[PDB]
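**Student:** Questions regarding the structure given below will be posed in turn.
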Amino acid sequence: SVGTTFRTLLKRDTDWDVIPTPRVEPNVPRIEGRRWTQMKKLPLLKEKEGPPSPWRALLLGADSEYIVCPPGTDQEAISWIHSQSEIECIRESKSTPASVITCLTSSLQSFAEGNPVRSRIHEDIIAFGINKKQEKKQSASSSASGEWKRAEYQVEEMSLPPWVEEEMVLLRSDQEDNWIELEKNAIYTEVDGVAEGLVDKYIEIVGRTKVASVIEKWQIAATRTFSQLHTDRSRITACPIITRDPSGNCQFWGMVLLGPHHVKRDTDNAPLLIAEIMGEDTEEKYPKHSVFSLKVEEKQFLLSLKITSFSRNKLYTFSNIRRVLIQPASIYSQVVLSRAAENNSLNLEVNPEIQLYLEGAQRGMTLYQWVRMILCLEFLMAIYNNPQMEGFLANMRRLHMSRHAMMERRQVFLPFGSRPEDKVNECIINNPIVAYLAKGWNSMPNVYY
Amino acid sequence: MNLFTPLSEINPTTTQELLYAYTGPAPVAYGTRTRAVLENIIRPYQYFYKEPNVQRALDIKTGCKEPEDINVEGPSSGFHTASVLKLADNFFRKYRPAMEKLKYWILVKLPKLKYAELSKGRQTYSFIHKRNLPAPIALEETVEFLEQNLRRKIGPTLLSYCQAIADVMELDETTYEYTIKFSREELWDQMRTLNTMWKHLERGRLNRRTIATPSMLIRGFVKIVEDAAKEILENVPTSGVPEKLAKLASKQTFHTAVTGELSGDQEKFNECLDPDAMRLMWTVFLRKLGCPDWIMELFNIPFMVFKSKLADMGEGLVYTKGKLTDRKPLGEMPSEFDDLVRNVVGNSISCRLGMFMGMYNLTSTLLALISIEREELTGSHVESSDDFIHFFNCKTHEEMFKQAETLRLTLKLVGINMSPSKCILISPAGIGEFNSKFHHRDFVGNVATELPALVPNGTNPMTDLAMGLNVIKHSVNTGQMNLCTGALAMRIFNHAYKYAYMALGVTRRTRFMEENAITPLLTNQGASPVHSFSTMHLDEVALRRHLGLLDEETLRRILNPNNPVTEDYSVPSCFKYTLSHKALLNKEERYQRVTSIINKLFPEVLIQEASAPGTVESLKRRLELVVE
Amino acid sequence: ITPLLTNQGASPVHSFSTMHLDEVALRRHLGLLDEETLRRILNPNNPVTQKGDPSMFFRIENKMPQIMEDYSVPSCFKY
RNA sequence: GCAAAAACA
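Keeping their order, the protein sequence lines are chains H, I and B. Using PDB author numbering, the letters of the first sequence correspond one by one to residues 174 to 622. Using PDB author numbering, the letters of the second sequence correspond one by one to residues 1 to 177, 210 to 274, 279 to 602, 622 to 635, 645 to 680, 682 to 693. Using PDB author numbering, the letters of the third sequence correspond one by one to residues 554 to 632.
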């Protein structure tokens, strides 16, 4: 049942009554439409011009090394590093003042003295942005002038950096250690043996690479930082990034310092001061990093200090960075099982020549190297995930499908106002790896016969 | 990108899984949603006419539009009434068994659904507390309001709830128990009010989106129409719900014929639909099946209310003088949304024509499907919200072009407006994509939008292990993962599970077990994993005893029913433990007493619903029977 | 020549709570004095406040810890 | 400083 004035309430914002009874005869009209078009040209992605985009990631990535320390606990290694080293600044950045080395050394000494959390010092004021919100707000209020206008935000376009290729080729380097220690599951059936053999082969072909060590460093650093964010503190906490090689020695990748971090919301930022052992300094790649000289046991090391704030969600996500291994493992497993379904023979050592487009040429290369480079590129994409990358990949799936269709001798048709490249291009602004993927797509031929 | 396109031994379709931003943080929406909500509201008014005339479009009410006025070169909101009627007629004539089962649903089990299922919904903006409350709390508060201001007890069926809403909406004055009063116009505006919020964890696009949730008063009507839409959608081959893509993949065509394959998306899918078209569709179906009139009102009220939506415009536009920033409501200062200033109603804003995400994701699909049903469209179509795939099976290339063009025009007839840039048509069939699945020749590839978490869920060791292994099993079953991926993922999950429960390295739990000579006998304790790829569907305790890795004495110790601490296929044990201005924390505790006395007296509620007529004090009838 | 300074006729930069703050530093912080003009006002080689004789300077952690060179008072308005 | 159409600091 329905009321009386309730019907008026319903009808006051529509022409028809509660139960429409149109008086027009039901018919579908004939409307003139445009003509579907066809394309010979694969879309050519525009390359944004401007300054090369710097390295914007939580950790260093390729330029990541460690100090070999005598075997012992984390405290022993930190004490050894603090008591056997002197620091002198090489490169100073206005983003990260050189005075934060005092905070880093104080944290090292406190951790060596069995105190992972230490009281605040004066140098911590400009190290974690303490009272920076109030400072900026009061300065803006004092210097405010003019009249209000719309926010009209803007994102600066940046070009493809030259170091992305250097990053890709450096993460390929062989390593002495396996860097991937995953405990094996049980085996009861022969299919379980097949799965475990596939996983072991994948681990042994990607484990001894620099990207695996960088993934381990990222996982450890993010896990240690995340394990301390839950406790609401007001004092600086130190989370060393230390691994062990298969001889007992301690490998010091760096230290991350966590500020007061009075965090309330799950997406709120947390102040961080990340110290890292760098291999080669670069001004245009690390403009916001402060690089210090490090002298342990008459050896040369570069120490990089950066001021960053990083949300709890992102730290939790990067603590599970080991999941990046699945997709290259998927590709490797599919190739291997295809070359087992071809002739009912699981070899587990098949290394086919995968044909790819290299420097605008069609050449083949081994499966193992291809899986390694897939893993490196996937790691770079994962550590550089933002809305630009999401949109770029989502809108590139269609172009990838069209390219596959025209390689498989098929015709691709488009609607009237169909420009699939525009949606990819709108997502290419300043992401280095989005630009790298765009250039890789552009290097391939756009005509197929 | 050249590394993602193999040329030998493997095709780009399978490796397209690499074109996914897995393992990276999902984009997170920051700041005010006012600009996004205002843009969402203003898009449908900008597409009503071929020439953009926003101001003329703010007073259109019913969005019906004449032909030779639909924008064929761009987005076009609104619909054509005659086209909607004809397409609904065509859809009703076809799929007769689906209509018969819809009739069965609407006659038999429609006046049977319990109204308590509205508690398992989404966050609701209470019209009494002036804030957001969980769905069960909102339902309880709303039914208390109905009891207080209507004096007739609400029946178990949700038809009683709908009748109560309709009856209470005719009162000039209402007062809640505190003791706050509501005018009829105030309550009507609250019913019109839509709570909008950012859509979080949304991967796949550059720009963030906002979703809107309805008030609890209209949620019963929304749920009944959505349930009817779902019931009629499960029984139509053109729907996006089931193996439809695989079914169309397993199709053989003529030897020498043109077989197209159109895969595309919808642009401004929620910015070009009008609830009046849905009204016409539902009324046509109901009228041609033969339902009574009260069914007509019952199915038409939701879109009637939605035609007068009052979606909240967030917190306000952002204005900057110098380095300062301020949040200003619309209309305080000029901006690019000045045409909607006249429609500002307090903190909310009125928009007659348009849609929002999260309101009707099934009736929109129904409207698209009734658009599909025509005469010259002799093809196969699968529709799911804003994504679709179409198969063309004709004799001439120009025939295929005409079919595609008339498909686009008919979609525009009700205002679907598929994106020209997102639609790709292949002259020979074999390659396409729909939802996240990918099609290549006779193989269809399911690629997940999200990887499995590969971390413990966070309740207890046994439950977390069971859920993790079940998630991995589901992922491998759907074809998204294989032997190597499954084993690697379960190894990663094992490592994370052991770390999260103090089973790795030196920690308090490990030291406690070591100093007291407690041998770790389970995975969460630190023992070697017992689960394999084949045995990941088995319980840990059940599997260990068969292999002799868990002594029967240990089973007796842990499986003791008299234990201090006590789909999920895990047996209870000592490891099944639960981790430790509102003015509402007291009434959840007193409701706990009500839930505590039950499930101790009634084994029946642990089987079925609480179908006991009356039973206010009447619970004493059972206790006396227990004594007797 | 825009004043940009209190003694040049510009609006006061000092307030009741900012009596202790130096004029040039406060104007630089508030943006009332751009860096290009700061590079000219605070020149240690300006003729206005140039000294008649060279002066000695310390050099912290340098091979030669003392350097003697001509110097001027940094502010051109300290004539 | 993090991050992008404004939130944290």
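Beta carbons are placed, not taken as given, at the ideal position from N, Cα and C, and that holds for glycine.
What are the boundary residues of the alpha helix (DSSP H) that H/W391 is part of?
**Tutor:** It spans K383 to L402 - the alpha helix (DSSP H) in which H/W391 sits, taken as one unbroken run.
**Student:** Any residues in the region 301 to 316 of chain H with a beta carbon nearer than 8 Å to a beta carbon of chain B? Which ones, in chain order?
**Tutor:** Correct list: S312, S315 and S316.
**Student:** Considering only their Cβ atoms, is the gap separating H/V464 from H/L475 smaller than 8 Å?
**Tutor:** Yes, they are a contact pair.
**Student:** Return no unless some Cβ of chain H is closer than 8 Å to the Cβ of I/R527.
**Tutor:** Taking Cβ atoms only, chain H reaches closer than 8 Å to I/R527, which makes this a yes.
**Student:** Classify H/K468 as helix, strand or coil using the three-state DSSP reduction.
**Tutor:** H/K468: strand per DSSP, three-state reduction.
**Student:** Rounded to whole angstroms, how far is the Cβ of I/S625 from the Cβ of I/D575, which I believe are closer than 8 Å?
**Tutor:** Right, their Cβ atoms sit about 6 Å apart.
**Student:** Where do the ends of the alpha helix (DSSP H) carrying I/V320 lie?
**Tutor:** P311 to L325 is the span of the alpha helix (DSSP H), which, as asked, contains I/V320.
**Student:** Just mark I/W330 as buried or exposed, buried being the case when its beta carbon has 16 or more other beta carbons within 10 Å.
**Tutor:** By the neighbour-count rule (16 or more Cβ atoms within 10 Å), I/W330 is not buried but exposed.
**Student:** For the alpha helix (DSSP H) holding I/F342, just list the boundary residues, first then last.
**Tutor:** Looking at the DSSP string, the run of the alpha helix (DSSP H) that includes I/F342 is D329 to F342.
**Student:** Taking C-beta to C-beta, are I/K103 and I/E303 nearer than 8 Å?
**Tutor:** No, Cβ-Cβ distance for I/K103 and I/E303 is not below 8 Å.
**Student:** Using only CA atoms, which one of I/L634, I/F253, I/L505 and I/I154 lies nearest to I/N336?
**Tutor:** Ranking I/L634, I/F253, I/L505 and I/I154 by Cα distance to I/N336 puts I/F253 first.
**Student:** Is it the case that the Cβ atoms of B/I594 and B/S628 are separated by a distance below 8 Å?
**Tutor:** Closer than 8 Å, so yes.
**Student:** When you compare only the Cα positions, how much space is there between I/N530 and H/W426?
**Tutor:** Roughly 25 Å between the two C-alpha positions.
**Student:** Mind listing the chain H neighbours of I/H510? Cutoff is C-beta to C-beta under 7 Å, in chain order.
**Tutor:** What I/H510 touches in chain H: nothing, since even the nearest Cβ is about 15 Å away.
**Student:** May I have the straight-line CA-CA distance separating I/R444 from I/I70, to the nearest angstrom?
**Tutor:** Approximately 12 Å, taken between the alpha carbons.
**Student:** Buried or exposed: where does I/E689 fall if 16 or more other Cβ atoms within 10 Å of its Cβ makes it buried?
**Tutor:** By the neighbour-count rule (16 or more Cβ atoms within 10 Å), I/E689 is not buried but exposed.
**Student:** Assuming H/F491 is part of the alpha helix (DSSP H), what are its boundary residues?
**Tutor:** Element bounds for H/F491: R485 to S492.
**Student:** Who are the Cβ neighbours of H/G432 in its own chain at under 8 Å, not counting the five residues just before and after it?
**Tutor:** Excluding sequence neighbours, H/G432 sits near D297, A300, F301, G302, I303, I409, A443, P444, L445 and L446.
**Student:** Less than 7 Å between C-beta atoms, sequence neighbours within five positions excluded: which residues of the same chain meet that for I/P136?
**Tutor:** The answer, listed in chain order, is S119.
**Student:** Going by beta-carbon coordinates alone, are I/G63 and I/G78 separated by less than 8 Å?
**Tutor:** Taking 8 Å as the Cβ cut-off, I/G63 and I/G78 qualify as a contacting pair.
**Student:** Compare the C-alpha of I/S568 against each of I/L113, I/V542 and I/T521 and name the closest.
**Tutor:** Among I/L113, I/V542 and I/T521, the Cα nearest to that of I/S568 belongs to I/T521.
**Student:** Got a sec? Which residues, its chain only, sit under 8 Å from residue 644 of chain I by beta carbon, not counting five neighbours each side?
**Tutor:** A break in chain I separates 635 from 645, and the residue in question, residue 644 of chain I, sits inside that break with no coordinates.
**Student:** Give me the residue from I/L501, I/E258 and I/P111 with the minimum Cα distance to I/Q163.
**Tutor:** Nearest C-alpha to I/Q163: I/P111.
**Student:** I/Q561 versus chain H: which residues are under 8 Å apart at the beta carbon?
**Tutor:** Under the 8 Å cutoff, chain H gives no residues; its nearest Cβ is about 14 Å from I/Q561.
**Student:** Of the residues I/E147, I/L403 and I/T432, which one's Cα is nearest the Cα of I/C308?
**Tutor:** Among I/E147, I/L403 and I/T432, the Cα nearest to that of I/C308 is on I/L403.
**Student:** Just to confirm, are I/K101 and I/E263 a CB contact at a threshold of 8 Å?
**Tutor:** It is a contact, given that the beta carbons lie within the stated cut-off.
**Student:** Restricting to Cα atoms, I'd like to know which of I/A523, I/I508 and I/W230 is closest to H/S506.
**Tutor:** Closest by alpha carbon: I/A523.
**Student:** My understanding is that H/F399 touches H/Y489, with C-beta atoms under 8 Å, so please give their C-beta distance in whole angstroms.
**Tutor:** Between H/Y489 and H/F399 the Cβ distance is about 5 Å, and since that is below 8 Å, they are a contact.
**Student:** As an exercise, report each continuous alpha helix (DSSP H) stretch of at least 4 residues that is fully enclosed by the region 63 to 109 of chain I, in chain order.
**Tutor:** The region 63 to 109 of chain I contains these whole alpha helix (DSSP H) runs: 81 to 93 and 96 to 104.
**Student:** Less than 8 Å between the C-beta atoms of I/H80 and I/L353, yes or no?
**Tutor:** No, Cβ-Cβ distance for I/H80 and I/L353 is not below 8 Å.
**Student:** Does DSSP put I/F392 in a helix, in a strand, or in coil?
**Tutor:** DSSP places I/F392 in coil when its eight states are reduced to three.
**Student:** With DSSP as the reference, please indicate the residues paired to I/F214 in a beta bridge.
**Tutor:** According to DSSP, I/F214 bridges with I/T174.
**Student:** Let's see if you can read the secondary structure: which residues bound the alpha helix (DSSP H) around H/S616?
**Tutor:** Where H/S616 is concerned, the enclosing alpha helix (DSSP H) stretches over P605 to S616.
**Student:** Would you please verify whether the beta carbon of I/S83 is less than 8 Å from any beta carbon of chain H?
**Tutor:** For I/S83, the answer is yes, since a Cβ of chain H falls inside 8 Å of its Cβ.
**Student:** At the level of alpha carbons, what is the spacing between I/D423 and I/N132?
**Tutor:** If you take the alpha carbons of I/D423 and I/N132, they lie about 32 Å apart.
**Student:** Can you tell me whether DSSP reads I/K509 as helix, strand or coil?
**Tutor:** Looking at I/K509 - three-state DSSP - the assignment turns out to be helix.
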